[PDB]
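Remarks on the structure that follows.
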Amino acid sequence: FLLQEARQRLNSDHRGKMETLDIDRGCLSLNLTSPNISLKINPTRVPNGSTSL
Amino acid sequence: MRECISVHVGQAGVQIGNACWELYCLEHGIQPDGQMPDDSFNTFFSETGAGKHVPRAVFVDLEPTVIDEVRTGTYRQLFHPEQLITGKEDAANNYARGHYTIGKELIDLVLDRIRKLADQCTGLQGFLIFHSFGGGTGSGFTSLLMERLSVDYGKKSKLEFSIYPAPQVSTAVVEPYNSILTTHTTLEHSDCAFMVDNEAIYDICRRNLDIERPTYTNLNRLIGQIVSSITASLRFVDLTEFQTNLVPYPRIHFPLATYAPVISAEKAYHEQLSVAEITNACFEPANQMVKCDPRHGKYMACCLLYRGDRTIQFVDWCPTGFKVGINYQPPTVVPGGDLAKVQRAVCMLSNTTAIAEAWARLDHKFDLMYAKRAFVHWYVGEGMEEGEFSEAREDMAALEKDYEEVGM
Amino acid sequence: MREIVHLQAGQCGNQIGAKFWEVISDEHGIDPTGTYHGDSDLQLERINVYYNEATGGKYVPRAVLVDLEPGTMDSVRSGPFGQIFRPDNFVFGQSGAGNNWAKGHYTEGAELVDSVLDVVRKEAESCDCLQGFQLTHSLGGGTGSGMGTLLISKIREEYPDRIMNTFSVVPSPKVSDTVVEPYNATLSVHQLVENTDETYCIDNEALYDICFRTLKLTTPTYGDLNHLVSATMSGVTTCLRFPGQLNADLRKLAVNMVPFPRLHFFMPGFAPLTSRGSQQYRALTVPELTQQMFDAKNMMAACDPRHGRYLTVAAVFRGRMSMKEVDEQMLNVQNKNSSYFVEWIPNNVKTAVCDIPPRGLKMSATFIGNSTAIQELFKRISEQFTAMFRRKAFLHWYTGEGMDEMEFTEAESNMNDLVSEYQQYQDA
Amino acid sequence: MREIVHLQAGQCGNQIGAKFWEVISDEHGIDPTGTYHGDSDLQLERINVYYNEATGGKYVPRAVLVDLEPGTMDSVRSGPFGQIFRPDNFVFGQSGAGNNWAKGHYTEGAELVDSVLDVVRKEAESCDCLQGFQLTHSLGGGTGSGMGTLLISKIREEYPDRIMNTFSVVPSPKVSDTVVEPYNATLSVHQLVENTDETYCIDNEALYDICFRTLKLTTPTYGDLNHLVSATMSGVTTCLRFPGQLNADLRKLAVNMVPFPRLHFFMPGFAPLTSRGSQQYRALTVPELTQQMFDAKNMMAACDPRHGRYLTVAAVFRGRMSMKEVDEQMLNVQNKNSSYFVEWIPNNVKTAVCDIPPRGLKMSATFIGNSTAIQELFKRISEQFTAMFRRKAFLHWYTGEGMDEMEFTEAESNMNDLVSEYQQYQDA
Amino acid sequence: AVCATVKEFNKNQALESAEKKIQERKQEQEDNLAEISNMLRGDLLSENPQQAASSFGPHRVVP
Ligand SMILES: Nc1nc2c(ncn2[C@@H]2O[C@H](COP(=O)(O)OP(=O)(O)OP(=O)(O)O)[C@@H](O)[C@H]2O)c(=O)[nH]1
Ligand SMILES: Nc1nc2c(ncn2[C@@H]2O[C@H](COP(=O)(O)OP(=O)(O)O)[C@@H](O)[C@H]2O)c(=O)[nH]1
Ligand SMILES: Nc1nc2c(ncn2[C@@H]2O[C@H](COP(=O)(O)OP(=O)(O)O)[C@@H](O)[C@H]2O)c(=O)[nH]1
Ligand SMILES: [Mg+2]
C-alpha cells in the first residue's frame with residue numbers, strides 16, 4: 001500500500017515536469033517573426049500560487 | 001575632518017548600531033566586506049592604505065552573546081576585531097553590578113580604545129552614546145562612561161540617544177530603580193539626551209506603517225533614519241548648535257524626537273508630501289516618539305531639520321523657539337526596509353514642559369517599591385550604600401519642582 | 001563560557017537526570033556514543049555550558065551522579081544514553097539510607113561527602129567562568145534529603161558567591177508512599193531557606209494531574225513525568241546557549257523574583273503541552289502560549305495561585321516571535337486582575353526571548369511564578385509533623401544516630417515563621 | 001470585531017445546537033472536517049463572529065457544550081458534523097440531574113459551574129470586542145434549567161455590559177413528558193427576569209403544528225424541529241455576518257423592543273415554509289413574506305397574539321430586495337389593525353435587510369414580536385404549580401436537596417407580579 | 001517626471017512587500033505542519049513500549 005502511494009506521487013511529479021518542459025520549449029521557440037506576439041495585458045506580475053526556487 | 005565617534009553600550013546599543021551602520025554603509029558605496037567597488041565617508045569611516053574602510057565606533061557589552069552574532073554575521077569583515085568589547089558575566093538588571101563591580105573591569109579598556117579612535121580624527125565634533133535606561137549595563141556602565149569621559153574629553157559634545165522606559169509596558173521588574181539612579185548621576189554629565197521609548201514606536205509602526213506585530217529591527221531602522229537626518233549636514237548645521245538651541249537651563253536637557261514622513265509604499269502613492277504637510281505632521285501628538293502630549297504642557301524650543309528637496313502654545317520667556325536647517329540629499333532606502341522612497345523629510349527635536357508626567361510616574365513607582373524596601377538587598381550587597389536611594393529621590397523631587405518653576 | 005555543573009542525588013535525582021540529559025543531547029545533536037551528528041552550527045557553538053570535550057570529538061556531560069546504594073547506578077548505566085557519562089563521576093555507597101534522614105546527614109552520607117567534594121572540585125576547575133550549580137533531589141527520601149542538603153551546605157561554604165538552584169520534589173499528601181515522609185520534609189525545608197538562591201517546588205500529585213487531564217496519557221510512568229520536569233529544566237538555561245533578542249541569565253532571574261532573601265520558592269510551568277487528539281485544533285500562536293502558561297491546571301506544584309497574590313512572575317520564550325505581541329500579553333494579564341498581584345510592585349512580569357525552538361516545535365515558553373500561595377504547601381507538612389511528634393511516633397530511629405529532640409523543635413518554629421513571612425504580603 | 005460565544009446546556013440544549021452548527025457551516029462553506037471550500041469572499045470576510053482559527057486553514061466554533069451525563073455527548077460527537085468541535089469544550093458530569101431542578105441548581109450543578117467558567121473565560125477573553133453570549137436550553141429538564149440558570153446568574157455579574165441572549169424551550173401547554181415540570185419552570189423564570197437581556201420562547205407543541213399542517217411532512221422528527229429553531233437563530237444574527245442595505249445588530253433589536261427592563265420575552269417565526277407539492281403555486285414575492293411572518297399560526301410559541309397587544313414588532317429580511325417594497329408592507333399592516341398595537345408607540349415595527357439569502361432560497365424573512373399575550377404563558381404555569389404545591393406533592397425531592405418551602409413561596413410571587421406588570425401595560 | 005518615477009518605485013515596492021508577506025505566511029503554515037507531524041511521531045504521545053528496551057539485553061527492561 002505504501003509503495004502504491006509513493007508511485008502515485010512520483011507519477012504526478014513526472015506529469016508536471018513534462019508539461020512545463022513543453023511550455024519552456026515553446027517559449028524558447030518563439031522568435032522575432034512569430035505571428036503570436038501580442039503585447040499582453042500584464043507582464044511582470046506574480047500569480048497567487050507562486051513558490052520559490 | 002568632521003568625525004563622530006559612536007559608542008554603543010548594551011544589547012540595545014549593539015542591536016541599534018547594527019541597523020545604523022548598515023544604513024551608513026549603504027548611503028556611501030561601502031560593501032559589507034569593506035571595499036568600495038570622493039571623501040564624504042570621512043565623518044564615519046577610516047581609509048586604511050590597504051583599501052579598507054573601518055568605522056569609528058566602539059561596541060561595548062558585559063555579555064558576549066550579542067556581539068558574537070556581529071562577529072559571525074554578514075558584517076564580519078567590516079569591523080575592527082577589537083572595536084567590539086565583551087565581558088564574561090553580565091550586569092543582570094543591577095545598576096550596582098553595572099557601575100561598581102563588573103563595569104570597572106571594562107571601563108579602562110573602553111577608554112583606551114576611545115583614545116585610539118579619537119587620535120585619528122583631526123576635527124572631532126562630539127560623541128554619540130546609544131543606551132537603554134532599563135538594563136544593567138546600559139544604566140550603570142553608561143553612567144560610569146559619562147562620568148569618566150567628562151574629566152577626560154573636555155567640553156566636547158556628548159549626545160545621548162536613550163530608550164526611556166515606556167509608561168505602561170516594560171520587560172523588567174526592577175526598572176525604576178535603574179531609571180532614577182542613572183538620571184541622578186547623569187544629570188550634570190550630559191549635554192543633550194534625545195529620548196525615544198519603544199511603545200510610541202510600536203504605535204507608529206502599527207498605525208502609520210501597516211506592520212502589526214513588529215520586532216525590534218523595524219524600530220532600529222527608524223532610529224537609524226533619525227540619526228542619519230541629524231548628522232546629514234556634516235556629510236552632504238552641526239552637532240554643536242543643538243546644545244545651544246535646545247537646552248536653556250543646565251538640568252533641562254531632555255528633548256524629544258519625530259520623523260515626519262513615516263509612511264508605507266502603498267500610501268506614498270496616494271498623497272503629496274509637501275513641506276507644509278510634513279511640518280504639520282511633526283507637531284501632531286499621534287506622531288511623537290514618546291507616549292505623551294505637548295498640548296498639556298508648554299513648548300520651550302524646536303529644531304527643524306529638513307532633508308531633501310493657537311494649539312501650539314509657547315512659554316512666557318521664549319517667544320521665538322525655532323532653529324531651522326536644510327539639507328539637500330534625500331533619504332536612502334534600504335532593501336528589506338519598510339518605509340517608502342520619498343523626496344522630502346523633517347526631523348524635529350523639541351524641548352517641552354509636557355515631560356513632567358513621565359518623571360512624576362517614575363517617582364511614583366520608585367516610591368511604591370521603596371517605601372516597603374523591596375529589592376534593596378541586591379543593590380546594597382554589591383558595593384553600594386543604601387542612602388543613595390534617598391539622595392536620588394530628593395534630587396528628582398528638585399527636578400520636578402524645576403519643571404514646574406520654569407513653566408510658571 | 002558560563003558553565004553549569006549538574007549535581008544529582010537519590011533515585012529520584014538520578015532518574016530525572018537520565019531524562020534531562022536525554023533531552024539536552026537531542027538539542028545539541030549528540031548520539032549515545034558522544035559524537036556530534038547535527039545539521040547546524042548553533043548547536044556546536046556553546047556546547048561547553050554543559051559538555052566537556054574529550055579526545056576524538058567526544059563530548060561528556062559535566063554531571064556528578066551520587067547515591068547511597070548501588071542499585072540505581074545500574075539502571076542509569078543500562079539506559080539508552082547511559083554510555084555518555086564519565087565512569088568516575090558515579091559516586092555510590094554500599095549501604096542505603098533506608099528512608100532515614102539522620103543516616104543521610106550524619107552517619108552514611110557524612111562519610112561520602114568527602115568523596116563527592118573531591119569530584120565536584122574537578123569539574124569546577126575545567127570552567128573558564130563557572131556560572132553555578134544545580135541539584136535535583138527528592139525531599140521525601142533519605143539520601144536525596146540527608147546527603148543532598150548536606151552537599152549544599154558544604155558547597156555554599158566553598159563557592160559562596162555562585163548560584164545554587166535546586167529542583168525539589170516536595171512530598172504530596174495524597175500521592176505519598178512513605179510513613180516517615182514529614183520528618184524528612186520538615187528537616188530539609190529548614191535546610192533550603194538559608195542555602196539556596198532559587199528553589200523550584202515540584203509535587204508529584206501535580207505532575208500526575210497534568211498527565212491525566214491535559215496530555216491524556218493512558219498509563220503515565222515515571223519516565224513521562226521526568227520528561228515534564230526536564231522540559232522546564234532546559235527552559236531556564238536556554239539563553240545561555242542560544243542567542244535571542246532579549247536574553248536572560250540565571251542571575252538575571254534571581255534579581256527580579258527575589259524581593260526579600262528568604263522568598264525563593266517558585267512554581268514552574270511549560271507552555272505548549274497538548275494531547276494527540278487536540279493537535280489539529282491549536283492555532284500555534286503567542287496568545288495561546290500565554291493562556292496556558294498562566295492556567296492553574298498547569299503549574300508543577302500542588303498549590304493554587306488563586307488563593308494568594310502573585311509577588312513576581314517570569315516568562316522565558318523560545319522561537320522567532322514578535323516583541324510587540326510578547327510585551328502586550330503581559331500587560332493584558334495584569335490589568336484585569338487587580339488583587340491577584342501585589343500592590344507595591346507595579347510591574348511584576350519579566351520577559352525574555354530566545355531564538356531557537358526545541359527540536360520539533362515552532363515555539364515554546366516557561367513560567368517561574370513567585371506566590372504567597374506557596375505557604376499552604378508548608379502547612380500540610382506542618383500539620384502532619386506535629387500530629388506524629390506530639391506523641392513521638394517514630395523518633396527512636398532518629399534519636400539513636402546522634403540526633404537530638406531539640407532539632408525537631410527548632411525545625412518547627414523555623415518553618416512556622418516562613419509561613420508567617422509569606423503571610424504578611426498575602427494581605428499588605 | 002463582534003464575537004459571539006455560544007453556550008448550550010442539556011440534552012435539549014445539545015440536540016438543538018448541534019444542528020445549528022451544520023446550518024451555519026454550510027452557510028459559510030465549511031466541510032465536515034473543518035476546512036473552507038467555497039466560491040465567494042462574503043462567506044469568509046465575517047467568519048470570526050463564530051469561528052476561532054485553527055492551523056492549516058481550519059476553523060473551529062466558539063461553542064461550549066455543558067451537560068450532566070455523558071450519554072448525550074457521544075451522539076453529538078458521532079453525528080455528521082460532530083468532529084468540528086474542539087474536544088476540551090465538551091463538558092459533562094458523571095451523575096445526572098434526574099429532572100430535579102434543585103439537584104442541578106444547588107447540589108450537582110454547583111461543582112460543575114466552577115469547571116465551565118474556566119472554559120467560558122478562555123473563549124471570552126480571546127475576542128477583539130465581545131458582542132454577547134448565547135444559550136440554548138429547556139425549562140423542563142434538570143441540567144438545562146437548574147444549572148443553566150446558575151450560569152446566567154453568575155456571568156451577568158462578571159460581564160454586566162455585554163449581551164446575554166437565550167433561546168428557551170419553555171414547557172408546552174398540551175404535551176408534557178414530565179410530571180415534575182412545573183417546579184422546574186416556575187423556579188427558573190425568576191432567574192430569567194433579572195439576568196437576561198433578551199429571551200425567546202419556543203414551545204415544542206407549536207413546532208409540531210408547523211411541521212404537520214404547513215410544511216406537510218409524513219414523518220417529522222427532532223431534526224425537523226431543530227431545523228426550525230436554527231433557521232431563526234441564524235436570522236437574528238445575519239446582519240453581523242453579511243452586508244446589507246440596512247443593518248441590525250443584536251443590540252439594535254434589544255434597544256427597540258425592550259422598553260422597560262423586566263419585559264424581554266419574545267415570539268419567533270419564519271416566513272417561507274412551503275411544501276414540495278405547493279411550491280409550484282407558492283413562492284412569489286415580498287407580499288408573500290409579510291403575509292407569513294405575521295400569520296398567527298406560524299408563531300413558535302403556543303400563545304396567540306390576538307388575545308393581546310404587540311408592544312413592539314421586529315422583522316429581519318434576507319435576500320437582495322427592494323428598500324421601498326419592504327417599507328410599504330410594514331406601513332400596510334400597522335394601519336389596517338388598531339387594537340393589535342399599543343397606543344403609546346406609533347412606530348411599532350423595526351426593519352432590516354440582509355443581502356446574502358439562506359441556503360437554497362432566493363429570498364427569505366424572519367420575525368420577532370413582543371406581546372402582552374405572552375403573559376398567558378405564566379398564568380398556565382402558575383395554575384399547575386400551586387395546584388401541586390397546595391397539597392405538597394413532590395416536595396421531598398427538592399427540600400431534601402437543601403432548599404426550603406419559602407423559596408417556593410417567593411418564586412410564585414416573583415411571577416404573580418410580572419403577570420400583573422404586563423396587565424398594566426394592557427390598558428395604558 | 002521625477003514625481004512619476006518615485007510613484008512608480010513606490011508601487012513596485014508595494015508589490016514586493018505584499019509578495020514577501022504571502023511567502024512568509026505560507027512558510028508559517030509549513031512550520032505548523034512540521035510541528036504537528038513531529039509531535040504525532042514522537043514517542044511520548046505514541047506510547048510505544050520499545051522505549052522500555054534496555055542496552056543490557058532484550059530480557060531486562062528499564063524501570
Ligand atoms: N528600540 C530597541 N530597544 C531595545 C533593543 N534591544 C533591547 N532594547 C531595550 O532593552 C531593554 C532591556 O535591557 P537591555 O538593553 O536589553 O539589557 P542590557 O542593557 O544589555 O543590560 P544587561 O542585560 O544587564 O546586560 C528593553 O527595555 C528594550 O526596550 C533594540 O534592538 N531596539
Ligand atoms: N517525579 C519523580 N519522582 C520519583 C522518580 N523516582 C522516584 N520518585 C519519587 O521519589 C520518592 C522516593 O525518593 P527516593 O529517591 O527513593 O529517596 P531515597 O530513598 O533517599 O533515594 C518517591 O515518592 C517516588 O515517588 C522519578 O523519576 N520522578
Ligand atoms: N426542541 C427539542 N426539545 C427537546 C428535545 N429533547 C427533549 N426535548 C424537550 O426538553 C424537555 C426535556 O429536557 P431535557 O433536555 O431532556 O432535560 P436535560 O437533559 O436534563 O436538560 C422535554 O420537555 C422534551 O420534550 C429536542 O431534541 N428538541
Ligand atoms: Mg544585557
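The chains in the C-alpha cells are called A, B, ... from first to last as shown; in each chain the residues are counted from 1, and the ligands are counted from 1 in the order shown.
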Next item on the list: With a cut-off of 9 Å and counting only C-alpha atoms, select all residues of chain B in contact with chain E and give the selection as JSON, numbers by chain.
Entry: {"B": [264, 265, 266, 267, 268, 269, 270, 336, 338, 340, 341, 342, 343]}
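Across all paired C-alpha atoms, chain C deviates from chain D by 0.6 Å RMSD after optimal superposition.
Taking only C-alpha atoms, the non-local environment of residue 45 in chain C within 10 Å (same-chain residues fewer than 5 positions away omitted) comprises residues 28, 40, 241 and 242 of chain C.
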Checklist line | Contacts of ligand 3, 9 Å or closer, only C-alpha atoms and all ligand atoms, given as a ChimeraX atom specification | finding: /D:9-16,67-69,72,96-101,104,137-146,148,169-172,175-178,181,202-205,207,221-223,225-226,229
Output N, CA and C atoms for every residue in that selection, as a CSV table (one decimal), in the first residue's frame.
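Written output follows (part_26.csv):
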```csv
chain,number,residue,atom,x,y,z
D,9,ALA,N,-26.8,23.9,26.9
D,9,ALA,CA,-27.0,23.2,28.1
D,9,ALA,C,-28.0,22.1,28.0
D,10,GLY,N,-27.7,20.9,28.2
D,10,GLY,CA,-28.6,19.8,28.3
D,10,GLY,C,-28.7,18.9,27.1
D,11,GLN,N,-29.6,17.9,27.2
D,11,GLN,CA,-29.9,17.1,26.0
D,11,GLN,C,-30.8,17.9,25.0
D,12,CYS,N,-31.7,18.7,25.5
D,12,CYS,CA,-32.4,19.6,24.6
D,12,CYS,C,-31.4,20.7,24.1
D,13,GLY,N,-30.4,21.1,24.9
D,13,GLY,CA,-29.6,22.2,24.6
D,13,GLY,C,-28.5,21.7,23.5
D,14,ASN,N,-28.2,20.5,23.5
D,14,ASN,CA,-27.2,20.0,22.6
D,14,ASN,C,-27.8,19.4,21.3
D,15,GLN,N,-29.0,18.9,21.4
D,15,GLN,CA,-29.6,18.4,20.1
D,15,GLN,C,-30.2,19.6,19.3
D,16,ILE,N,-30.4,20.7,19.9
D,16,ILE,CA,-30.7,21.9,19.2
D,16,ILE,C,-29.4,22.5,18.6
D,67,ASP,N,-23.3,19.6,30.1
D,67,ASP,CA,-24.3,18.6,30.3
D,67,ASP,C,-23.9,17.9,31.6
D,68,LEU,N,-24.8,17.1,32.1
D,68,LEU,CA,-24.7,16.4,33.4
D,68,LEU,C,-24.7,14.9,33.3
D,69,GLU,N,-24.5,14.3,32.1
D,69,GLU,CA,-24.4,12.9,31.9
D,69,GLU,C,-23.7,12.6,30.6
D,72,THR,N,-25.3,11.8,26.1
D,72,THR,CA,-25.7,12.7,25.1
D,72,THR,C,-24.6,13.6,24.6
D,96,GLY,N,-26.4,12.2,36.7
D,96,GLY,CA,-27.4,13.1,36.1
D,96,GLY,C,-28.1,14.0,37.1
D,97,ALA,N,-28.8,15.0,36.5
D,97,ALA,CA,-29.6,15.9,37.3
D,97,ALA,C,-30.9,15.1,37.8
D,98,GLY,N,-31.4,14.2,36.9
D,98,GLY,CA,-32.6,13.5,37.3
D,98,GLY,C,-33.9,14.2,37.2
D,99,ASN,N,-34.0,15.2,36.3
D,99,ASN,CA,-35.2,16.1,36.2
D,99,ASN,C,-35.5,16.8,37.4
D,100,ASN,N,-34.4,17.1,38.2
D,100,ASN,CA,-34.6,17.7,39.5
D,100,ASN,C,-33.9,19.1,39.4
D,101,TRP,N,-34.7,20.1,39.6
D,101,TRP,CA,-34.2,21.5,39.4
D,101,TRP,C,-33.3,21.9,40.6
D,104,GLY,N,-29.7,20.3,40.1
D,104,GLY,CA,-28.8,20.9,39.2
D,104,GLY,C,-28.5,22.4,39.6
D,137,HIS,N,-31.5,26.0,25.8
D,137,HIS,CA,-31.8,25.1,26.9
D,137,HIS,C,-33.3,25.0,27.0
D,138,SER,N,-33.7,24.1,27.9
D,138,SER,CA,-35.1,23.8,28.1
D,138,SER,C,-35.5,24.0,29.6
D,139,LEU,N,-36.7,24.5,29.8
D,139,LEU,CA,-37.1,24.7,31.2
D,139,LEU,C,-37.9,23.6,31.7
D,140,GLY,N,-37.7,22.4,31.3
D,140,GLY,CA,-38.3,21.2,31.8
D,140,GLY,C,-37.4,20.2,32.4
D,141,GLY,N,-36.1,20.2,32.0
D,141,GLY,CA,-35.1,19.3,32.4
D,141,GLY,C,-34.5,19.7,33.7
D,142,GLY,N,-33.3,19.1,34.0
D,142,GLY,CA,-32.6,19.4,35.3
D,142,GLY,C,-31.3,20.2,35.1
D,143,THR,N,-30.6,19.8,34.1
D,143,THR,CA,-29.3,20.4,33.8
D,143,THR,C,-29.4,21.5,32.8
D,144,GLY,N,-30.5,21.5,31.9
D,144,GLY,CA,-30.7,22.7,31.1
D,144,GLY,C,-31.2,23.9,31.9
D,145,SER,N,-32.0,23.7,32.9
D,145,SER,CA,-32.7,24.7,33.6
D,145,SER,C,-32.1,25.0,35.0
D,146,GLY,N,-31.7,24.0,35.8
D,146,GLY,CA,-31.2,24.2,37.1
D,146,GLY,C,-29.8,24.9,37.0
D,148,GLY,N,-28.4,25.7,34.2
D,148,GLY,CA,-28.5,26.6,33.1
D,148,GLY,C,-29.0,28.0,33.5
D,169,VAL,N,-36.7,26.8,25.7
D,169,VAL,CA,-37.8,26.0,25.3
D,169,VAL,C,-38.6,25.8,26.5
D,170,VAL,N,-39.5,26.7,26.7
D,170,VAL,CA,-40.4,26.7,27.9
D,170,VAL,C,-41.4,25.6,27.8
D,171,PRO,N,-41.9,25.1,28.9
D,171,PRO,CA,-42.8,23.9,28.8
D,171,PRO,C,-44.0,24.1,28.0
D,172,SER,N,-44.4,23.0,27.3
D,172,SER,CA,-45.5,23.0,26.4
D,172,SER,C,-46.9,23.0,27.2
D,175,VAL,N,-48.8,19.0,25.5
D,175,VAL,CA,-48.0,17.8,25.7
D,175,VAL,C,-47.0,18.0,26.8
D,176,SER,N,-46.8,17.0,27.7
D,176,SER,CA,-46.0,17.1,28.9
D,176,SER,C,-45.4,15.8,29.2
D,177,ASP,N,-44.1,15.6,29.0
D,177,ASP,CA,-43.5,14.3,29.2
D,177,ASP,C,-42.7,14.3,30.5
D,178,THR,N,-43.2,15.0,31.5
D,178,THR,CA,-42.5,15.0,32.8
D,178,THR,C,-43.6,15.5,33.8
D,181,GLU,N,-42.4,18.8,35.8
D,181,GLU,CA,-42.2,20.0,35.0
D,181,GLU,C,-42.5,21.4,35.7
D,202,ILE,N,-39.9,29.3,22.9
D,202,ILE,CA,-40.2,28.3,21.9
D,202,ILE,C,-40.9,27.1,22.6
D,203,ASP,N,-42.1,26.8,22.1
D,203,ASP,CA,-42.8,25.7,22.5
D,203,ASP,C,-42.7,24.5,21.5
D,204,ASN,N,-42.4,23.3,22.0
D,204,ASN,CA,-42.3,22.2,21.1
D,204,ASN,C,-43.6,21.7,20.5
D,205,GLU,N,-44.7,22.1,21.1
D,205,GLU,CA,-46.0,21.8,20.6
D,205,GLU,C,-46.3,22.7,19.3
D,207,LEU,N,-44.0,24.0,17.4
D,207,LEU,CA,-43.1,23.5,16.4
D,207,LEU,C,-43.8,22.3,15.7
D,221,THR,N,-39.6,14.9,12.9
D,221,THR,CA,-38.6,14.4,13.8
D,221,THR,C,-38.0,15.5,14.6
D,222,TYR,N,-37.1,15.2,15.6
D,222,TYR,CA,-36.4,16.2,16.3
D,222,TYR,C,-35.1,16.6,15.5
D,223,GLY,N,-35.1,16.5,14.2
D,223,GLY,CA,-34.2,17.2,13.3
D,223,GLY,C,-35.0,18.1,12.4
D,225,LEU,N,-37.5,19.6,13.8
D,225,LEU,CA,-37.8,20.7,14.7
D,225,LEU,C,-36.5,21.5,15.1
D,226,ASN,N,-35.4,20.9,15.1
D,226,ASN,CA,-34.1,21.6,15.3
D,226,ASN,C,-33.6,22.3,14.1
D,229,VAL,N,-35.6,25.8,14.7
D,229,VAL,CA,-35.0,26.7,15.7
D,229,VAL,C,-33.8,27.4,15.1
```
Check: Near residue 62 in chain D, within 7 Å and counting only C-alpha atoms, which residues show up once chain neighbours fewer than 4 positions away are dropped, as an NGL selection string?
Finding: :D and (5-6 or 50-52 or 123)
Output of the above residues as a JSON list (two decimals), in the first residue's frame, restricted to N, CA, C and O atoms:
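Saved as part_0.json:
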```json
[["chain", "number", "residue", "atom", "x", "y", "z"],
["D", 5, "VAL", "N", -20.04, 34.13, 21.83],
["D", 5, "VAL", "CA", -19.62, 32.90, 22.49],
["D", 5, "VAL", "C", -20.85, 32.05, 22.73],
["D", 5, "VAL", "O", -21.70, 32.39, 23.55],
["D", 6, "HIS", "N", -20.93, 30.92, 22.06],
["D", 6, "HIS", "CA", -22.10, 30.07, 22.16],
["D", 6, "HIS", "C", -22.02, 29.21, 23.41],
["D", 6, "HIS", "O", -20.99, 28.60, 23.69],
["D", 50, "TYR", "N", -18.08, 33.66, 14.80],
["D", 50, "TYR", "CA", -18.39, 32.38, 15.40],
["D", 50, "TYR", "C", -17.23, 31.41, 15.45],
["D", 50, "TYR", "O", -17.29, 30.48, 16.26],
["D", 51, "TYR", "N", -16.20, 31.57, 14.63],
["D", 51, "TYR", "CA", -15.19, 30.54, 14.41],
["D", 51, "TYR", "C", -13.82, 31.02, 14.86],
["D", 51, "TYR", "O", -13.29, 32.00, 14.33],
["D", 52, "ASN", "N", -13.24, 30.32, 15.83],
["D", 52, "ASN", "CA", -11.84, 30.50, 16.14],
["D", 52, "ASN", "C", -11.01, 29.90, 15.03],
["D", 52, "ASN", "O", -11.39, 28.89, 14.43],
["D", 123, "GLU", "N", -12.70, 31.61, 26.17],
["D", 123, "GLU", "CA", -13.32, 31.96, 24.90],
["D", 123, "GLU", "C", -13.88, 33.36, 24.90],
["D", 123, "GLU", "O", -14.24, 33.86, 23.83]]
```
Checklist line | Near-residue 149 in chain C list (8 Å; only C-alpha atoms; drop same-chain fewer than 6 positions) as JSON, numbers by chain | finding: {"C": [105, 188, 191, 192]}
Write the selection just made, keeping C-alpha atoms, as a short mmCIF file (atom, residue, chain, number, x, y, z; two decimals), in the first residue's frame?
```
data_model
loop_
_atom_site.label_atom_id
_atom_site.label_comp_id
_atom_site.auth_asym_id
_atom_site.auth_seq_id
_atom_site.Cartn_x
_atom_site.Cartn_y
_atom_site.Cartn_z
CA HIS C 105 23.00 13.55 57.14
CA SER C 188 15.03 19.76 54.85
CA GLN C 191 17.95 23.45 55.19
CA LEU C 192 16.90 25.10 51.92
#
```
Next item on the list: Find the residues around residue 279 in chain D up to 12 Å (only C-alpha atoms counted), leave out those fewer than 6 positions away in its own chain, and share them as a count of residues only.
Entry: 5
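Omitting range 16-27 of chain A and its sequence neighbours fewer than 5 positions away, and counting only C-alpha atoms, the residues within 12 Å are residues 9, 10, 11, 34, 36 and 37 of chain A.
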Check: Counting only C-alpha atoms, which residues from chain A have an atom at most 12 Å from any atom of chain E, and could you show them as a PyMOL selection string?
Finding: chain A and resi 44-52
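All residues, whether protein, DNA or RNA, that have an atom at most 8 Å from ligand 4 (counting only C-alpha atoms and all ligand atoms) are residues 10, 11, 61, 62, 63, 90, 91, 92, 93, 135, 136, 137 and 138 of chain B; 246, 247 and 248 of chain C.
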Take the residues from that selection and put them in a file with C-alpha atoms, as a PDB file, in the first residue's frame.
```pdb
ATOM      1  CA  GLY B  10      24.302  47.358  25.935  1.00  0.00           C
ATOM      2  CA  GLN B  11      22.230  44.991  23.845  1.00  0.00           C
ATOM      3  CA  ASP B  61      28.775  44.763  26.387  1.00  0.00           C
ATOM      4  CA  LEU B  62      29.328  42.779  29.564  1.00  0.00           C
ATOM      5  CA  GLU B  63      27.802  39.664  27.876  1.00  0.00           C
ATOM      6  CA  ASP B  90      26.525  40.438  32.500  1.00  0.00           C
ATOM      7  CA  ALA B  91      25.178  43.030  34.929  1.00  0.00           C
ATOM      8  CA  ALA B  92      21.848  41.195  35.479  1.00  0.00           C
ATOM      9  CA  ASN B  93      19.494  44.239  35.664  1.00  0.00           C
ATOM     10  CA  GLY B 135      19.113  47.337  31.557  1.00  0.00           C
ATOM     11  CA  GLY B 136      22.078  46.675  33.753  1.00  0.00           C
ATOM     12  CA  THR B 137      24.992  47.711  31.578  1.00  0.00           C
ATOM     13  CA  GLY B 138      23.064  50.442  29.740  1.00  0.00           C
TER      14      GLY B 138
ATOM     15  CA  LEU C 246      16.345  39.843  24.820  1.00  0.00           C
ATOM     16  CA  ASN C 247      18.465  37.388  26.803  1.00  0.00           C
ATOM     17  CA  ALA C 248      18.256  36.160  30.392  1.00  0.00           C
TER      18      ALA C 248
END
```
Next item on the list: Residues of chain C no more than 9 Å from chain E, counting only C-alpha atoms: send them over as a ChimeraX atom specification.
Entry: /C:75-80,82,215,217-219,222-224,227,275-276,279-280,283-284,360-362
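Near chain D, counting only C-alpha atoms at 10 Å, the chain C residues are residues 213, 214, 277, 278, 279, 280, 281, 282, 283, 284, 285, 287, 288, 291, 292, 295 and 296 of chain C.
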Next item on the list: Could you tell me how far CA of residue 119 in chain D lies from CA of residue 168 in chain D, in Å and to one decimal?
Entry: 22.0 Å
Next item on the list: Could you check which of B:141, B:194, B:21, B:44 is closest to ligand 1, using only C-alpha atoms and all ligand atoms?
Entry: B:141
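Each of C:259, C:305, C:358, C:369 was checked against chain B using only C-alpha atoms; the smallest atom-to-atom distance is that of C:259.
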Item checked: chain C contacts on chain B, only C-alpha atoms, 6 Å, as a VMD selection string -> chain B and resid 92 171 to 173 213 to 215 368 to 369 374 to 375
For C-alpha atoms, I'd like the residues from the last selection saved as a compact mmCIF listing (two decimals), in the first residue's frame.
```txt
# COMPACT_ATOMS: atom_id res chain seq x y z
CA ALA B 92 21.85 41.20 35.48
CA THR B 171 10.47 43.94 30.25
CA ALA B 172 11.69 44.06 33.84
CA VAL B 173 10.53 44.42 37.40
CA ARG B 213 3.38 42.55 15.25
CA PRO B 214 6.73 44.26 14.60
CA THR B 215 10.02 43.16 16.05
CA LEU B 368 5.68 52.45 45.59
CA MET B 369 8.53 49.96 45.69
CA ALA B 374 11.69 45.73 48.17
CA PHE B 375 14.71 44.58 46.10
```
